[PDB]
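Asks: Got a structure here, written out as structure tokens. Questions coming.
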Amino acid sequence: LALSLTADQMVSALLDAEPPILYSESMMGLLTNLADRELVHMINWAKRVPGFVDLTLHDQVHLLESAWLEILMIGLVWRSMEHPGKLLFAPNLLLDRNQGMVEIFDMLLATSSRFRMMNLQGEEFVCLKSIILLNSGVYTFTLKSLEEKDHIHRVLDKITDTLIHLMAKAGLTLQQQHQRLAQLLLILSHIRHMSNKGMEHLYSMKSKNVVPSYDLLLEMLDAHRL
Amino acid sequence: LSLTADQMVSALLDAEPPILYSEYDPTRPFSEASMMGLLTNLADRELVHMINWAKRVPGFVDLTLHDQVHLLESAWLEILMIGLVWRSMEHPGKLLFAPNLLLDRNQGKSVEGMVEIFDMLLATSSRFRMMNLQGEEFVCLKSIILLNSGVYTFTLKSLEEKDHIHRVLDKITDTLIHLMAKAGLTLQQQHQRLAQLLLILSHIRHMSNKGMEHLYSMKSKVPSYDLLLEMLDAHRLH
Ligand SMILES: CNCCOc1ccc([C@@H]2c3ccc(O)cc3CC3(CC3)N2C(=O)c2ccccc2)cc1
Ligand SMILES: CNCCOc1ccc([C@@H]2c3ccc(O)cc3CC3(CC3)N2C(=O)c2ccccc2)cc1
């Protein structure tokens, strides 16, 4: 029944689901602590993305495993759009590139500058986040699994429809619509690249719970009791 | 920037590199021990053609040589992989590295970390199959990889280059949409398919980063920036 929402309904649901902005509480201890607290809010947000909770819990966890760092990154880029040259990790934690860290830092700044140049809108941003959640694990998962992937692709199609709808209501021509859609989805591959480097770094720590476990994510999802 | 969509597709089709073979060296028969050497030599020969292909992607040679090399340094493995996936599309469960080098997953299990990447490639091939990806779409996607993968990791000249690259990417988008419009897809089907194709590029980037990790774990003597520049920096004496 999530696949029966109108585009306007999809947008409203996604705007209403947005997580709060957290505050920060060693720069790296601070950033780890912030990320760890944001994760919980991200899960609550994921559960409100239309179509997401129709998946099995097992598949919801896999999608969160694959997507969470990309989702933290795109949130950071969004918060940082109005702060050229700086990254707004939290309202009390604005860092510039002077504060292997600088490479990712510079890439995030470039992404934030690209969003600024494009005049990325909030309604577009929340569609892009939902695409990351559904797309980032869809290629790295039986009859049941195939049905799940099929559902994922149907939801992704509806989000594409919603993005085009937003662009059309903003007065873009059909050409500008498809050009903008393409520009936004190409940025997602850069966001994937940044996440890949950060995940490589986390795994290299060989430290039990630095990468959120399946069990931790599952606990956060707070499964029904029946 | 002046080309029509039809002329863009024709240029990209005309620029396509050939399908290369693995060596037929009777002194070097295929085995698990020789496999990496055969695959490295194949990749090395493909890279030479890839350089000459890139120079034929409309808009690419308008860039500085320095920026051309950066784009190739950032894209070459993705381009090698998407070509592999394309060659494998019609062979479920196999990777067609060359017509005489068709491997299955159990042959992948020879090396550490190789089967994981192998399965990601197979999944991409399966997705191409499900979408019934067309050759004209494939050549558009490969050019997008070339222009997009390095554009976010690059002065007034740099601003002009990035503007140019974004204009060329926009023309390839127009070209992809035109291919689907000519075929008869509805507008809704056109936007849905464009998005489906472009989302696959995130997966290809992911695979490229895993593959880079794997190649570096080989501890052999990856094309360097200096090496790619030597290859792209052609003279005009021919
Ligand atoms: C999950 N438990 C284990 C910790 O994983 C962590 C996850 C994220 C981060 C932060 C963080 C925090 C909040 C945010 O909203 C976004 C980010 C982004 C990020 C990865 C880019 N990061 C950094 O520090 C960073 C690194 C190098 C260059 C610039 C920034 C820290 C640790
Ligand atoms: C570039 N200079 C030095 C060469 O580095 C090389 C570049 C490419 C490869 C092959 C190769 C060859 C041709 C092709 O078209 C594609 C590929 C794909 C690939 C990169 C993923 N590869 C592997 O073996 C591999 C590994 C794990 C899983 C599956 C495949 C070997 C070495």
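In order, the residues displayed for chain A correspond to 306-330, 341-414, 420-461, 465-549 in Swiss-Prot numbering, which applies throughout.
Cβ coordinates are placed from backbone N, Cα and C, and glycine is handled just like the others.
The 17beta-estradiol binding site annotation in Swiss-Prot covers A:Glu353, A:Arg394, A:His524. The feature S-palmitoyl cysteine is assigned by Swiss-Prot to A:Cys447, with similarity to another entry given as support. Taken from Swiss-Prot, the feature phosphotyrosine applies to A:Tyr537.
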Asks: Near the residue listed as 'S-palmitoyl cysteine', which residues of its own chain have a C-beta under 8 A away, given they sit six or more steps off in sequence?
Replies: A:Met315, A:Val316, A:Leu319, A:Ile482, A:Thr485, A:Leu486, A:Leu489
Asks: Just need one number: Cα of A:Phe461 to Cα of A:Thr465, in Å, whole number, across 3 unmodelled residues.
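Replies: The gap of 3 missing residues is bridged by a Cα-Cα distance of 10 Å.
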Asks: Tell me the Cα distance separating the residue listed as 'phosphotyrosine' from A:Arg394 (17beta-estradiol binding site), rounded to the nearest angstrom.
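Replies: One finds 28 Å between the Cα atoms of these residues.
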Asks: Return the residues near A:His524 (17beta-estradiol binding site), defined as same-chain residues 6+ apart in sequence whose C-beta is under 8 angstroms from its C-beta, sorted by sequence, else 'none'.
Replies: A:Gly420
Asks: Provide the three-state secondary structure of the residue listed as 'phosphotyrosine' computed with DSSP.
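Replies: Where the residue listed as 'phosphotyrosine' sits, the three-state DSSP reduction gives helix.
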Asks: Using the alpha carbons only, what distance in Å do you get between A:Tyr537 (phosphotyrosine) and A:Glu353 (17beta-estradiol binding site) once rounded?
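Replies: Here the two Cα atoms lie 17 Å apart.
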Asks: Of all the recorded positions here, A:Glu353, A:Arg394, A:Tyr537, which one's CB has the most other CB atoms within 10 A?
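Replies: Comparing the recorded positions A:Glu353, A:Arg394, A:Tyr537, the most crowded Cβ belongs to A:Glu353.
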Asks: Which whole number of Å gives the largest C-alpha distance between any two of A:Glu353, A:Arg394, A:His524, the residues noted as binding 17beta-estradiol?
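Replies: It comes out at 23 Å between the most distant Cα atoms.
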Asks: Rounded to the nearest whole Å, what distance do the 5 unmodelled residues have to cover between the Cα atoms of A:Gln414 and A:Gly420?
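Replies: Spelled out: 5 residues absent, and the flanking Cα atoms 12 Å apart.
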Asks: Given 10 residues with no model between A:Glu330 and A:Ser341, what whole-number C-alpha distance in angstrom do these ends have?
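Replies: Once the 10 missing residues are skipped, the Cα atoms sit 11 Å apart.
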